[PDB]
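Spelled out, the chains give:
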Amino acid sequence: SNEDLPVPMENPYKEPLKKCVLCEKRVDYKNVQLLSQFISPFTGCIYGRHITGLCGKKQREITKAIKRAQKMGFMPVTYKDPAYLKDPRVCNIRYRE
Amino acid sequence: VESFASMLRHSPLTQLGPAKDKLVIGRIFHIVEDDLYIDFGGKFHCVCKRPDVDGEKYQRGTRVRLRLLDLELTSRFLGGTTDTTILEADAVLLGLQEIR
Amino acid sequence: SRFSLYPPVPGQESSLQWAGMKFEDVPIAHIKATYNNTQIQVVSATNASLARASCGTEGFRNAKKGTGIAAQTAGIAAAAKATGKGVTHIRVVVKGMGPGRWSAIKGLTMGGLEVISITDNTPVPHXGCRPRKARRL
Amino acid sequence: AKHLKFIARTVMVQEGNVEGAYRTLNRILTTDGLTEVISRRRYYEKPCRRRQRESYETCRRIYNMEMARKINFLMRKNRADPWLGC
Amino acid sequence: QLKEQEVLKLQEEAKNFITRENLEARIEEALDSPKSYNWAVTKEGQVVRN
Amino acid sequence: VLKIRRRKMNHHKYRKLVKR
Amino acid sequence: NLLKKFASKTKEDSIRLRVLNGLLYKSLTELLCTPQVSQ
Amino acid sequence: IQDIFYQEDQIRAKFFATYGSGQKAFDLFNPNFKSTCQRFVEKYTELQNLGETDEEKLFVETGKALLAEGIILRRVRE
Amino acid sequence: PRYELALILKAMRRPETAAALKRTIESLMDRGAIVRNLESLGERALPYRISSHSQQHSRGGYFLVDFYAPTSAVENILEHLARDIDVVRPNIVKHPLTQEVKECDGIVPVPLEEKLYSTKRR
Amino acid sequence: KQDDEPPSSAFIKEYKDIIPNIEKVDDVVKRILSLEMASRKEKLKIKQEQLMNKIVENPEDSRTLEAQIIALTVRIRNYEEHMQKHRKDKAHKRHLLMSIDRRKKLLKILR
Amino acid sequence: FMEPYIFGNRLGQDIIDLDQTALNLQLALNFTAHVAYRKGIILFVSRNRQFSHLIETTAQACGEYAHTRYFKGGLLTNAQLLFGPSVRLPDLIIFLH
RNA sequence: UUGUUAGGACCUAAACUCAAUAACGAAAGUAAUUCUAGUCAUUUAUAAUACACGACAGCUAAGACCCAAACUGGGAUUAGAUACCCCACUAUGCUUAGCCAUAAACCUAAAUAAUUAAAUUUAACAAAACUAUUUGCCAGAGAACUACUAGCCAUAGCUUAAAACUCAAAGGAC
Ligand code: FES
Ligand SMILES: [Mg+2]
Ligand SMILES: [Mg+2]
Ligand SMILES: [Mg+2]
Ligand SMILES: [Mg+2]
Ligand SMILES: [Mg+2]
Ligand SMILES: [Mg+2]
Ligand SMILES: [Mg+2]
Ligand SMILES: [Mg+2]
């Protein structure tokens with residue numbers, strides 16, 4: 001009929017979905033340096049997923065690892081260890097104005 | 001006579017592929033204060049702001065360079081059964097095209 | 001080469017000294033700011049009491065005992081007692097969230113003491129004791 | 001009670017600006033939600049009321065974000081009239 | 001094939017398991033070499049071991 | 001509206017009567 | 001139903017009003033001494 | 001509604017992922033405009049008519065042919 | 001199954017620390033275990049002050065012991081280690097390596113409309 | 001009790017037919033892959049397989065009514081052992097009574 | 001009700017079959033000619049303000065009428081009150097928009 | 001008594017942030033940590049006179065007891081306070097064994113498989129509509145979550161559930 005008619009196919013130009021910072025990375029309770037990047041420096045409170053930027057799965061993984069680390073004598077509870085204050089910033093939170 | 005299906009396949013707009021982060025040439029057809037209305041060959045025009053450098057050069061008929069983002073700005077909002085369109089395109093004016 | 005809001009880390013070497021004292025040595029001003037009375041106690045870094053004051057001891061009574069100006073007087077009174085004992089720099093640990101929480105710290109400054117840091121120790125239970133029932137008014 | 005004292009919830013005064021230190025400590029304790037927690041924990045909120053309150057906040061936050069999105073989506077179309085006289 | 005390989009891998013790994021004979025020697029090797037599980041990520045998702 | 005109030009008021013008068 | 005819900009287009013008094021006035025003042029003063037309401 | 005996808009789009013998608021959009025700007029007012037990407041697809045087709053069956057072979061050979069033509073193709077991973 | 005022990009030990013000199021790790025690992029073997037690896041993480045300051053056996057501790061030596069044991073031995077091991085006077089805090093968990101990092105494509109956009117079907121009902 | 005209980009030296013169902021082929025395997029490796037270092041769930045997969053061989057004509061098929069009945073007898077006897085220790089577990093007491101009733105329904109269709 | 005006329009969706013932008021457009025446009029132009037031939041009144045109607053002056057200039061060139069402004073309620077259903085007792089309504093309305 | 005304690009003891013009770021999450025369970029219900037046990041295939045719908053469960057409050061017995069708190073006492077308030085507010089304190093909330101079987105036990109939606117067009121706002125409002133299958137249930141309101149009856153560890157209890165008589169309405173959504 002017509003050679004120029006469009007051909008059914010999956011979108012070639014499809015854009016890959018957006019991954020979180022921890023996508024496909026092991027989250028362990030002993031890696032307190034990674035865990036400390038998602039708590040508050042002053043209170044030690046876990047940040048929500050609107051701050052950490054994580055997905056549901058990794059948000060739950062970090063939460064379960066911080067609590068296990070805190071309960072097994074690896075991580076503090078009421079603050080962030082001063083030795084990890086220098087690590088990079090991944091969380092969308094600015095205490096200073 | 002060429003068929004419509006052939007025309008669409010070989011059309012410059014069909015060749016562009018996705019219009020995000022593409023480079024295109026536009027023409028200024030309407031100016032309102034420091035807002036330039038630029039036709040880049042699509043359905044909807046874009047509207048950019050006159051650059052501080054060489055502001056006087058951007059007059060009507062002047063061909064410029066653009067970085068497309070969307071061909072039409074549209075978005076569905078809560079409680080809407082159809083998309084809300086502002087009947088405008090999104091592009092970033094980069095500067096005048098060298099006549100050469 | 002910038003100021004750090006975070007306090008010095010205990011057990012490390014720092015260049016920050018106040019009146020030839022390290023951070024761990026600077027005396028502590030314990031402010032208990034409740035909704036009725038604001039108490040203040042100043043202690044040395046070895047936990048020895050030096051000054052004490054409160055809105056009640058100043059002479060305020062009942063609802064006046066729980067105002068901002070009442071706590072300010074208590075801080076100025078605690079400062080004067082502390083200044084006599086030989087205290088120039090204090091670490092302010094403010095427990096409680098009452099009306100004279102800030103005013104007590106402002107009185108201490110007016111009394112001639114130099115605050116170098118402000119800590120908060122308001123009790124926050126992690127799940128704890130059932131609070132009293134809501135008031136119906 | 002078992003942790004180290006003066007690391008948690010401690011700000012440092014810069015150049016004797018004792019008020020600025022306190023005002024920053026307040027912004028910290030509020031951003032972290034400790035302020036609301038201490039206020040609400042004065043009296044007992046019953047489990048049924050806590051769930052009603054949290055469901056309302058979530059729906060309130062969703063509606064305030066979408067309405068802001070609609071206003072910000074049409075922020076650019078608010079410009080000088082190009083077709084004045086028509 | 002997969003299960004045969006998995007069994008063989010465990011057999012090779014079992015060479016270096018601890019036993020009563022090599023307990024004290026393996027204890028001293030562990031004390032000599034500390035290990036670290038700490039690492040951090042950037043906003044780009046890149047590990048940053050120190 | 002008045003139907004639960006009436007069940008309540010009717011139920012209230014039965015519990016009082018049972019007590020007497 | 002969110003849009004429907006949140007559009008929302010459609011001597012006793014003397015002693016009671018001496019307690020609400022005092023308490024509301026006590027409470028609103030505390031609200032404004034923190035960033036809780038707003039910065 | 002049929003999604004309009006021609007067979008050239010498979011080639012065009014690879015070109016945009018490997019080299020991005022040609023540094024020359026698209027002119028959508030010229031009805032017969034030939035972009036750098038459309039020339040890549042015209043040469044890629046010619047080689048495929050000869051009978052090359054490997055997509056990798058057709059992608060690197062077309063790049064060499066355009067390099068001889070003088071077109072500046074930058075393999076921008078960024 | 002495969003379990004990872006997390007053994008915080010009292011801060012001691014190497015002679016006594018080595019004796020503590022020999023006595024400990026021997027107990028695992030006596031309970032029918034197959035010890036696979038021993039790792040040290042170093043002496044450090046505890047995140048908080050842990051009180052064990054009528055002594056307050058601020059520093060301890062962190063160690064990991066990878067091993068296999070029946071499901072019935074896990075409880076007996078923890079009971080024995082809790083009675084040891086050189087053990088600040090023993091914690092047995094299922095070995096992390098037995099758990100495999102899942103494969104994720106990405107975050108698919110969720111329409112808020114299908115979140116007000118979720119949240120309005122809640 | 002029942003006539004057959006899997007020995008502790010038996011290999012798990014994944015490696016039941018793989019280790020015999022391997023020429024030589026260490027005692028430790030056999031012990032890691034035995035039923036001593038496995039969960040109770042693994043020991044139940046061996047009990048079921050033993051019964052399927054001894055009863056079903058074609059043990060390869062597990063969708064037959066006779067095979068489904070065998071699957072529920074292992075679960076039923078498992079829930080009973082659970083309930084002998086957890087006397088006040090009401091979720092598992094329900095699981096036991098619902099499987100018993102399920103087995104009766106399947107035995108009725110088979111008959 | 002427009003899906004019959006849409007050739008397809010080119011990466012989010014619906015494309016309009018120009019073969020149906022030619023057939024429909026032929027009928028519409030033929031009908032517009034017979035109406036104009038018989039001396040009927042033709043009213044061009046649009047509310048797009050970019051093309052308000054162009055459409056008013058076109059109507060004047062043709063010899064017909066244009067209404068590109070705010071449309072009063074009742075203009076056609078209550079025309080006698082608005083325009084007069086014997087006002088003749090349009091015989092054809094061309095909606096550019 | 002108070003404040004401080006980087007002093008000691010206790011291991012009672014409850015589980016911040018995470019949670020802007022929407023998972024698990026038949027429902028009730030369930031989110032401190034770890035480990036053990038553990039949810040799984042009947043084609044699908046359809047069950048009581050049987051079996052097993054069932055928030056909170058309450059009963060029985062032995063314990064626990066930080067805090068909260070019916071009742072009770074004290075203080076104030078008011079023409080009166082038998083309440084609201086303040087202080088003290090008990091049953092009770094907890095554990096171990098039973099019992100009781102009640103909720104606006106509500107998503108005020110029986111389950112299951114369809115379809116989205118039948119020119120279906122087929123009242124309105126909720127939650128778009130609608131077909132088929134099977135069971136349960138309903139037939140004006142009040143009298144009546146009542147009387148009597150039978151069953152039940154329930155004894156001021158629960159489930160089951162009328163009539164006389166009265167009215168011309170009751171009721172629902174806007
Ligand atoms: S987006 Fe892949 S794990 Fe978070
Ligand atoms: Mg307890
Ligand atoms: Mg298990
Ligand atoms: Mg009591
Ligand atoms: Mg409900
Ligand atoms: Mg009842
Ligand atoms: Mg009755
Ligand atoms: Mg009866
Ligand atoms: Mg009747």
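How each quantity is defined
- Residues numbered from 1 in each chain as written, not as in the entry; some residues may be left out.
- Chains lettered and ligands numbered in written order.
- Part of a larger assembly, values for the part shown.
- Heavy atoms only, no water.
- Residues with missing side-chain atoms left out of burial classes, pairs and counts.
- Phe/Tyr/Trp six-rings, centres within 6.5 Å; stacked < 30°, edge-to-face > 60°.
- Buried < 20%, exposed > 50% of the residue type's maximum accessible area, 1.4 Å probe, protein only.
- Helix = DSSP H or I, 4+ residues; strand = E, 2+ residues; numbered from the N terminus.
- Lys NZ or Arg CZ within 6 Å of the ring centre and 35° of its normal.
- Axes fitted to C-alpha atoms, helices over the stretch in contact; angles between N-to-C directions.
- Parallel < 35°, antiparallel > 145°, perpendicular 65-115°, else oblique.
- Left-handed = near helix turned anticlockwise from the far one by under 90°.
- Contact = heavy atoms within 4.5 Å.
- Nonpolar A, V, L, I, M, F, W, Y, C, P; charged D, E, K, R; others polar.
- Buried area = accessible area lost by both parts, 1.4 Å probe.
- Salt bridge = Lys/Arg side-chain N within 4 Å of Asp/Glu carboxyl O.
- Polar contact = N/O pair within 3.5 Å; in protein donor to acceptor, adjacent residues only side chain to side chain.

Its PDB header names cryo-EM as the technique used to obtain the model and reports a resolution of 3.06 Å.

Undergrad: Honestly, the packing of aromatic side chains in this entry has me stumped. Any pointers?
TA: Centre distance and the angle of the planes are the two values used to describe a pair of aromatic rings. Tallied over the entire structure, the rule returns 23 aromatic pairs over all chains. Between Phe26(H) and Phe33(H), the ring centres sit 6.3 Å apart and the planes meet at 55°, which makes this aromatic pair tilted. On the basis of relative accessible area, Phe26(H) is assigned to the buried category, the value being 4%. Residue class for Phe33(H) comes out buried when judged on its relative accessible area of 12%. Measuring from ring centre to ring centre gives 6.2 Å for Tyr3(I) and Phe67(I), while their planes differ by 50°; the resulting arrangement is tilted. Of this pair, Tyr3(I) sits in strand β1 (residues 2-10) while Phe67(I) is found in strand β3 (residues 55-68), placing the two residues 64 residues apart along the sequence. Feature note: the residues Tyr13(A), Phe15(H), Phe16(H), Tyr19(H), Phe40(H), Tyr44(H) and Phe59(H) constitute an aromatic cluster, connected by ring pairs. Positioned over the ring face of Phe29(H) is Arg27(B), at 4.1 Å from the centre of the ring. Seen from the ring of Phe23(C), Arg91(C) lies directly overhead, with NZ or CZ sitting 5.0 Å from the centre.

Undergrad: Can you walk me through the packing of helix α1 (residues 8-19) of chain H against helix α2 (residues 36-50) of chain H in this structure?
TA: Pairs of packed helices are described in terms of their axes, by the angle between the two and the distance that separates them. Residue and element names in this part refer to chain H. In contact at an axis separation of 10 Å, α1 and α2 are set at 125° when each is read in the N-to-C sense. Between α1 and α2, the angle falls in the class oblique. Crossing angle aside, the handedness with which α1 passes α2 is right-handed. Here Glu8, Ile11, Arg12, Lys14, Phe15, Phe16 and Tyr19 of α1 come into contact with α2, specifically with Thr36, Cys37, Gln38, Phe40, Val41 and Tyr44. Grouping the constituent residues of the contact of α1 with α2 by class yields eight nonpolar, two polar and three charged.

Undergrad: What exactly am I supposed to notice about the interface of chain E and chain J here?
TA: For interface size, the figure often reported is the accessible area lost on association. With eight residues of chain E in contact, the opposing surface of chain J contributes 12 residues. Note on chain E versus chain J: buried area summed over both sides is about 940 Å², and carbon and sulfur give 75% of it. Per-residue buried area on chain E facing chain J is highest for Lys3(E), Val7(E) and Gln11(E); these three make up 53% of the total on that side. Across the contact surface, chain E and chain J share one salt bridge. Note that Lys3(E) is salt-bridged to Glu14(J), the shortest N-O span being 2.8 Å. At the boundary of chain E and chain J, one finds four residue pairs in polar contact. In the side of chain E that touches chain J, the residues fall into four nonpolar, one polar and three charged.

Undergrad: Honestly, the packing of helix α3 (residues 65-85) of chain J against helix α4 (residues 90-110) of chain J in this entry has me stumped. Any pointers?
TA: Residue and element names in this part refer to chain J. Two elements in contact, α3 and α4, have axes whose closest approach is 9 Å; the angle formed by their N-to-C orientations is 155°. The angle between α3 and α4 places the two elements in the roughly antiparallel class. The handedness of the crossing between α3 and α4 comes out as left-handed. Across the interface between the two elements, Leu65, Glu66, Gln68, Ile69, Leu72, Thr73, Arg75, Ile76, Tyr79, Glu80, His82 and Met83 from α3 touch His92, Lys93, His95, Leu96, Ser99, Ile100, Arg102, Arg103, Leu106, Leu107, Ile109 and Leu110 from α4. Taken together, the residues that form the contact of α3 with α4 break down as 12 nonpolar, six polar and six charged.

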